[PDB]
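Enquirer: piece number one of the complex, untouched:
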Amino acid sequence: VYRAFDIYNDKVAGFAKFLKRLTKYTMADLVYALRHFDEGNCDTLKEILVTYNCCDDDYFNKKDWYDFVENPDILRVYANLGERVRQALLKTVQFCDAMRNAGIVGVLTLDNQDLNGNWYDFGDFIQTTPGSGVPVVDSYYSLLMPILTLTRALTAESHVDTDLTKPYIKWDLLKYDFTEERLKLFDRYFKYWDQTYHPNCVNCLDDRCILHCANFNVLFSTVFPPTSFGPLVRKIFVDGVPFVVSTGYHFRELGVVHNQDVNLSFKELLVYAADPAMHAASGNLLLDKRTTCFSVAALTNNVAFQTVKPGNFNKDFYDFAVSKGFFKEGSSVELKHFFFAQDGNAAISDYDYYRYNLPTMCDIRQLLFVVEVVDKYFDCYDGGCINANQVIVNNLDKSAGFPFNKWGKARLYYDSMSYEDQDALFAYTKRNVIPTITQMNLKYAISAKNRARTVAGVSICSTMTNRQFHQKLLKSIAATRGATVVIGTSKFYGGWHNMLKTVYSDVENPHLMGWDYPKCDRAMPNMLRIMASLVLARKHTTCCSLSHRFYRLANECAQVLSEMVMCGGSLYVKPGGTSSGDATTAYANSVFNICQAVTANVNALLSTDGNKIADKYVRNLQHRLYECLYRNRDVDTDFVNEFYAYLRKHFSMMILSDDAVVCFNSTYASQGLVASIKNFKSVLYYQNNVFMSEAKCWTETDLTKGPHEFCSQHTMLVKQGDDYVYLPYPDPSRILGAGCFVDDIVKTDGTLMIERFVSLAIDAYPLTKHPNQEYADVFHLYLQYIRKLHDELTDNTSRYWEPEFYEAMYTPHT
Amino acid sequence: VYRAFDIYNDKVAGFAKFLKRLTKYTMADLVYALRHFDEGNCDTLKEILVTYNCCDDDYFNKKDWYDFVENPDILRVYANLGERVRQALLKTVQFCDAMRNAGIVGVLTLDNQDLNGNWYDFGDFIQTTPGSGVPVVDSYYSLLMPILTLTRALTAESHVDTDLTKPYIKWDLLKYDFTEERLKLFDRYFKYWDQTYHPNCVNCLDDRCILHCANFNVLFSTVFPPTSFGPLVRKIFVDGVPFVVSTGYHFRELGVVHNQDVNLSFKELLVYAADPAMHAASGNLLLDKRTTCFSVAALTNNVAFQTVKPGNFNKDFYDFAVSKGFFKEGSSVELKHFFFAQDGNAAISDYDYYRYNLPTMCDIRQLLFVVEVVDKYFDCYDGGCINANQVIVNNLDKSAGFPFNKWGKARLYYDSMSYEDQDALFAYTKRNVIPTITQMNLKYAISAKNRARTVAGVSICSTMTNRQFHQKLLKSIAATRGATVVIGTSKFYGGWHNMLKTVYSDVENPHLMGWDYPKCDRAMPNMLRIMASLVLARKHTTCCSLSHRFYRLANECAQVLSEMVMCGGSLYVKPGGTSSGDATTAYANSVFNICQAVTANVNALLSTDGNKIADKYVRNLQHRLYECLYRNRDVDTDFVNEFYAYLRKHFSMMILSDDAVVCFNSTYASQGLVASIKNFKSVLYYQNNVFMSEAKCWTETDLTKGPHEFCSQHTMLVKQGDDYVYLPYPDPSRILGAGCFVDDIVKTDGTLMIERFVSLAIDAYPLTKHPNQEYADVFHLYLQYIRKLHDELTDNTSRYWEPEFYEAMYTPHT
């Protein structure tokens, strides 16, 4: 029968299942089960859980037991195993010591350690000078890293004498530096990890070192009390008056960071106001049982509850549609989009979803190789730092955030700060960390689901600094055509056809897939967000130094990753994830999507047997992938180039910030050479801590039909000017709901309706070529309603109700 | 095959079907078809109608074509034959003349005259002295009388020279006396009717003479213009000022009547005010196309529309019932009784139903015999005239009618008039006719049908005079137990059982029937109402003279039969029927019901073959019935007694004012010796001018079950004190609707609800013994609701919610 083995030799290499006192199952089996998870085949995981009293068989009778969102209690079950894992780690260290004492040089593999922690392998061990033994633990520890956080192995470290039974350790409330504790934990657990570990990322040599140190800090921080982390503040004298001002920050990932320009003007006033130190100091203590998140303070005497008003209904358009034969009984086209009202507890409830963000430790070698590969997808673009006068702001009448929203909009602050002041603030952010407060606001929009949606309005200072830092690269990405990232590419004037042709480019046996990210903005691991930030900042090689880039990363983390959240007059500490109001929201998520795809491909290739592979080139590629993953430190540029070319040839991706359309080779995916939907599910399981349902994922066998859905648009192949082209059309229900229901009564009727219905007709024209007659009739209904509105209002306006104007919008002339 | 024959001889007698150039059908066939009407067997009638171009065969494809209410157009079809009938009459007279010239003595039968009017019989004719021939036409004319009005034979008399083609006769608008025209019509049509005919009933020898003259006047009046009939008024000088006052009346039945105390005090003031002469003279001309009824004038500058408000809903009782398990899905007990709101045109629309009253001429010999038989049902009672101080008025706070309602209630006028004044008014009514105005008022009550209901409030003077005239007899009837009329007999304390036992008394093979009168109050022929009035007034042999009784009848006719109707500020002329606000409404209708039953029995007995009857006694009874019907003038008291005894033995009736429960012999009804449902249907067809549906009629085979329905109550046989008794229970829906819905919000809640629910529980207790469990649970729900109301309000009151109080109400102790 099949057991998981991590093998390396000339003939074959990889971590996969093979046909080949001691316990029935080994640690490699557990790692494989938790890293290659398929609900259809969970026999090994179920037997391991049952045998060691993690849970009972009845637990598996319940459906969706594996899902974290549907069944969070699973997190408890896995935790029941964590202690065992911890023990194994300790034993591993002992084993290593013995080898060092015995002058033994060898490689330790997960498949040679039983679940009781005992090591039963004495092969590949070569005698050397006593005291000179140097074991290799890269593969073992790297593969075991993801399991440690999922099972919460180090929980015992939070108890006195590292015993779960005995009480918790009562750390000093004022203590914030745990550097010695981090060194002690690393020495006890990862003693033989030869790579240097820096608890404080301020002393990291490069971006890869920062990722390594942050990965270790993620695991080490779970032990320390939550109150210790956060902004560090001091009481100082300014102008003969006392002020409490932030002078540092404690990051769960980056350790302790101290501002370089601490001392005891408009720039200073904004720095103080944006700082949550004063607000928290002047705020009353708060205990909110409505959420599991940390509560800091309350700035208001009374709590505030916000409600979502119901949508307005347009009787003229609904009556017109009814008279023309729509909304009948049994009709295919129906109203499924509405404005869903919410109670006063909705907003906070939405914040509660941040509970799905969990401390996740990534396979550091895998993450390093994946980031190196991902950097290739962003090589064409150019980036750097720009001055204040080179910054473009689309809208100056937007909210400036808290507390800046009280006094005015973003225009007020942009006008108040001169270019020199903005440059001074940016330079200050290159030397110091400025914590900020982000407000949570309910968004009023159409939806087909009753769930409320929240957006994070960040402070003005963070937006300004991130703009000056990133706008060059962001504009470079948006102006590029034919790349994997398709931000800035219009679907009109044949853009959809161009993108689809680009995706299909040179695939031997093409099929299409598309997947979804459950709770993407909330459940995203902090490590992946830091990796995306580093990828975006890697364009600053010349214009910024190592210290400047690190301080910019720290500012982003303190303003995006674990900032202070303002909700209904109360302050909370965001566990993690990504804010939707960031200057780099779309692009960071695109980087995350590319990283997940590359990780899935890497897992698929290594999980293959290798011996069965009948292609010499693919076997050599797998062997070199394992070499560059678990055996070689320095980045191999040649192999990175080769793997990027391989992925581009057999894995063509179109990514827009959450949505991915992938063209992949039939035979390679069937043989496991290329990632499939199951690989993405496993990756999202052991990395993103979320279960991906096959219902939300789609696979298209035939290219002529096109992608099932992309950006809420479906695709049709239609005949235009003797040439067949791909044309996007929306769901008729969405357009009809937009027409019938409106945000406010101001836009209920009048001239302003003409523009709205013209835009809706522009969007809905492609439905005319759909085989269904009602879909086509939707566009004619919209045109006739535009005619009727013009008549009620009463030559150029003719073009609005003549279909040639909408014909022109989808032709490749422009 | 079977043809209708009117036969008389020693062996057999009667008008029935027998197995026995010239036309296929004779006049006897038409008379039989129109007097014995069965929708199942209408072949002869259909063939007669089609052959003579009255209608086409397609007319019979339509269902309910025969029904007058559903298909009034049938009245037109029959009219197409009337002219033909008229011709026959003329020819008949000619034939008679010939016989008188030929010295021929014989009896003319309907079966010897073809539908072309030719007489082809020369048998039974015995030569005598020339010029001395005296034909017998009693049977012929008497049997043909009902057909004359239904077919409107005399319509040609309304045209110049008695020709339909030529224009109508333009009579002088001021002309009101048509005595000469009546004599001329009688001489031309009924020349050989030996009985004296008085166009003016003032000169009628007795009640039978009045009935005969009124029957002829009904036919003769259709020719004369409608405007001629009505009150006769004169302009006179009183106190040196001019007044228009009524001094006579023209009755379609009684001819011209002139007041005996015409001259040119409180009594005089009321006589003037009640008189419609002043109101009509001071009223503007009115033309109302909303109805086919005659429009007199409008007393108001603007027309008035009255609406019916919706019923109030009792949320406490409905919620209580719902909580206790009632009004569930699929439950047998459901809410089917409500207050139905009506628009402003409802009231007048209800008045439009008076269109169903038609001029009906009755078989005078049959009506005379039937009234003689009916008088036997009222022999036990005693009646007469009483003084003012002997009059009992239940409620003095009721409406006094128009115009008396303006100034006060009935109490005001009763107090104003002393006993001497009331006696003077009554004596005046014995010598003069006082026309009055009756108001139509919508009644607010529960119903299971959406139709609005109207009541006729008569003037105070008419009520007072009719009370003094009739109250003695009316109270005598209400105080009699064990009689056919069961007015005044309580259903409680075993009264229901006593009545049911009385009905079943001495019936050989008993079955039960019950029937309904469609549009009884509206479609009742005027002749039957006059007959009922005469029957009620026959108790005044000693206290009133012939003139006094005739003038009282004329006053009743001018105040009840064809009075002036006030509706929404407009005056109209009532075509006929009965008013519901009369002092004798219930008793007159009971007389009408008894008359209809006796007529049905007479028709059933005579319609039998006679030869097939194997009982000598029944054959002799039929022969003597024919003798006393169409051959003997003077009333045969012995035969009337014998027939009354026969009906009582084989036809036991329980009558309450519309509702009849009849116990009848099985074999006699099967053999045609006793009336069946079909006989009642035929009688209602050719007399009442309405079609009786078998759905509304019920027949019970077994006596133990009891009558299906009587006064809206069903019957159960239940065990009480070792004795089985008959117990009445209502429909649960009616009681539940009464409990849930109330007239006004004043009785919505409070102490007054206790009495209402106690009465409802008293009515609904019998449902406890019903086999259905929900029916019984209704009473317990009512009791529990009474308990809850008492609790909310908060020893003797215990009896209200204890079931012993309701037990006692249905036991024969009291």
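Expert: Right, received. Where do you want to start? Numbers count the residues shown, from 1 in each chain, chains lettered A, B, ... in the order given.
Enquirer: ok but residue A:726 is inside a strand, no?
Expert: Yes - counting by DSSP: H, G, I helix; E, B strand; the rest coil, residue A:726 is located in a strand.
Enquirer: OK, contacts around the most centrally placed residue in chain A?
Expert: For chain A, the residue whose C-alpha lies nearest the mean C-alpha position (CA atoms, centre = their mean) is residue A:524; its distance is 4.0 Å. Remark: with contacts taken as CB atoms under 8 Å, 6 or more residues apart in numbering or on different chains, residue A:524 is in contact with A:357, A:576-578, A:592, A:688. C-beta: built from backbone N, CA, C; applies to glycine.
Enquirer: please enumerate the strands of the stretch 551-700 of chain A.
Expert: Under the criterion DSSP state E, counting those that start in this stretch, strands of the stretch 551-700 of chain A are mapped to A:564-567, A:570-573, A:651-656, A:659-665, A:698-700.
Enquirer: what's the angle between the longest one and strand A:651-656?
Expert: Put plainly, it is strand A:659-665. Note on geometry: by axes from the mean of the first three to the mean of the last three CA atoms, to 10 degrees, strand A:659-665 and strand A:651-656 are set 170 degrees apart in direction.
Enquirer: keeping just the C-alphas, turn strand A:659-665 into CSV.
Expert: What follows is the C-alpha trace of strand A:659-665 in CSV, where atoms were taken according to Å, rounded to 0.1, in the frame of the first residue of the first chain:
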residue,chain,number,x,y,z
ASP,A,659,-10.1,36.6,-10.2
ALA,A,660,-8.0,34.1,-12.1
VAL,A,661,-8.6,32.5,-15.5
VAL,A,662,-6.0,29.8,-16.2
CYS,A,663,-5.3,27.9,-19.5
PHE,A,664,-3.5,24.7,-18.7
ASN,A,665,-2.3,21.6,-20.6
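Enquirer: packing partners for it?
Expert: If contacts are counted by 3 or more CB pairs under 8 Å, 6 or more residues apart in numbering or on different chains; DSSP states H and E, strand A:659-665 sits against helix A:495-504, strand A:510-515, helix A:585-607, strand A:651-656.
Enquirer: following sequence is chain C, place it on the structure:
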Amino acid sequence: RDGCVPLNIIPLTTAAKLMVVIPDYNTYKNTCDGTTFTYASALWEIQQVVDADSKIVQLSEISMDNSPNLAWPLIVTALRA
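Expert: With chain C added, the chains above now look like this:
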């Protein structure tokens, strides 16, 4: 000759004002379509036309096109010519 006259004919030959109730427009055209009409062998000229709500409906408004917008029945008041 006798001095006695039926009551019903008194308003017919002596009423100066005539009120007609119109349930529908069909009876309207049949009976009193124009401003002047003939009834009871007399000529009546219309003075007012109100609706069921006691509002002054004008002659022009009465038509087949606008009949559904009228609160029937219509009360038309005219004077003897």
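Enquirer: what about what packs on strand A:659-665 again, now that chain C is present?
Expert: Strand A:659-665 sits against helix A:495-504, strand A:510-515, helix A:585-607, strand A:651-656, with contacts defined as 3+ CB pairs under 8 Å, 6+ apart.
Enquirer: domain assignment for chain A?
Expert: Listed domain ranges for chain A are A:2-162, A:179-284, A:362-442+A:449-485+A:521-584, A:587-700, A:713-809 (source: automatic domain parsing).
Enquirer: could I get the ones you listed as JSON lines with distance to residue B:630?
Expert: Conversion of these to JSON lines gives the following (distance: least, CB to CB, whole Å):
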{"stretch": "domain A:2-162", "distance to residue B:630": "94"}
{"stretch": "domain A:179-284", "distance to residue B:630": "113"}
{"stretch": "domain A:362-442+A:449-485+A:521-584", "distance to residue B:630": "88"}
{"stretch": "domain A:587-700", "distance to residue B:630": "94"}
{"stretch": "domain A:713-809", "distance to residue B:630": "80"}
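Enquirer: residue 40: how many residues sit nearby?
Expert: All of this refers to chain A. Residue neighbour count, defined by other CB atoms under 10 Å in any protein chain shown, stands at 6 for residue A:40.
Enquirer: not quite, go with chain C.
Expert: With neighbours defined by other CB under 10 Å, the count for residue C:40 comes to 16.
Enquirer: secondary structure class for the residue nearest to it when sequence neighbours are not counted?
Expert: Spatial nearest neighbour of residue C:40, excluding adjacent residues (CB to CB, 6 or more residues apart in numbering or on different chains): residue C:12 at 5.2 Å. Here residue C:12 is recorded as helix under three-state DSSP.
Enquirer: wait, doesn't residue C:12 sit right on residue B:226?
Expert: No - using CB atoms under 8 Å as the test, residue C:12 is too far from residue B:226 to be in contact (11.8 Å).
Enquirer: more neighbours: the two, which one.
Expert: Per other CB under 10 Å, whichever of residue C:12 and residue B:226 has more neighbours is residue C:12, with 18 against 14.
Enquirer: list the contacts of that one.
Expert: Listed by CB under 8 Å, 6+ apart, the contact partners of residue C:12 are B:173, B:227, B:285, C:40.
Enquirer: tell me the spacing between it and residue C:6.
Expert: Counting by CB to CB, to the nearest Å, the gap between residue C:12 and residue C:6 amounts to 9 Å.
Enquirer: as chain D, please add this:
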Amino acid sequence: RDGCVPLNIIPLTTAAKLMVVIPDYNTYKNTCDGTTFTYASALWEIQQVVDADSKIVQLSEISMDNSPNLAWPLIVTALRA
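Expert: If we add chain D to the chains shown above, we get the following:
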């Protein structure tokens, strides 16, 4: 020693007034059932209890029987003892 303290702990050890949000009565009995309770190693005595509508809910009204009649969540404000 260093003079640097975490921000989050400043309100914990220095806030004179404490506000607690109670979603349901179960958390009410668990956390601050009585007029005086213990939180953050400090004793807090209740001063006011308002509802979601900003109405002054009394201590007696808070109970299992009357819990359905309260506009949850309940905001309880107390002062440091």
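Enquirer: so, the contacts of residue C:12 revisited with chain D in the model?
Expert: Taking CB under 8 Å, 6+ apart as the contact definition, residue C:12 lies against B:173, B:227, B:285, C:40.
Enquirer: what subset of the residues you listed is buried?
Expert: With neighbours counted using 16 or more other CB atoms under 10 Å in any protein chain shown, the contacts of residue C:12 contain these buried positions: B:173, B:227, B:285, C:40.
Enquirer: wait, the third one touches residue B:571, no?
Expert: Spelled out, it's residue B:285. No - with contact defined as CB under 8 Å, residue B:285 does not reach residue B:571; the gap is 10.6 Å.
Enquirer: and for the residue of the stretch 351-500 of chain A found nearest chain C, the neighbour number?
Expert: For the stretch 351-500 of chain A, the residue closest to chain C is residue A:446, as judged by CB to the nearest CB, at 39.1 Å. Other residues lying near residue A:446 total 15 when counted by other CB under 10 Å.
Enquirer: show me what contacts it?
Expert: For residue A:446, the residues meeting the contact criterion (CB under 8 Å, 6+ apart) are A:337-339, A:734, A:737-738, A:741.
Enquirer: out of the residues you listed, which are inside helices?
Expert: Among the contacts of residue A:446, the members falling in helices are A:734, A:737-738 (criterion: DSSP state H).
Enquirer: out of these, who's nearest chain B?
Expert: The shortest gap between chain B and any of the ones in helices among the contacts of residue A:446 belongs to residue A:737, at 34.6 Å (CB to the nearest CB).
Enquirer: is it correct that the closest one is in contact with residue A:340?
Expert: No - contact between residue A:737 and residue A:340 fails when scored by CB under 8 Å: they sit 11.6 Å apart.
Enquirer: and these two? which has more neighbours close in?
Expert: The residue with the greater number of neighbours, taking residue A:737 and residue A:340 and applying other CB under 10 Å, is residue A:737; the counts read 20 against 17.
Enquirer: what segments of the stretch 701-814 of chain A are helices?
Expert: Residue ranges of the helices in the stretch 701-814 of chain A, as given by DSSP state H, counting those that start in this stretch, are A:732-740, A:752-764, A:773-793, A:798-801, A:804-809.
Enquirer: wait, which of the ones you listed is closest to residue B:205?
Expert: helix A:773-793 (85.0 Å; CB to CB).
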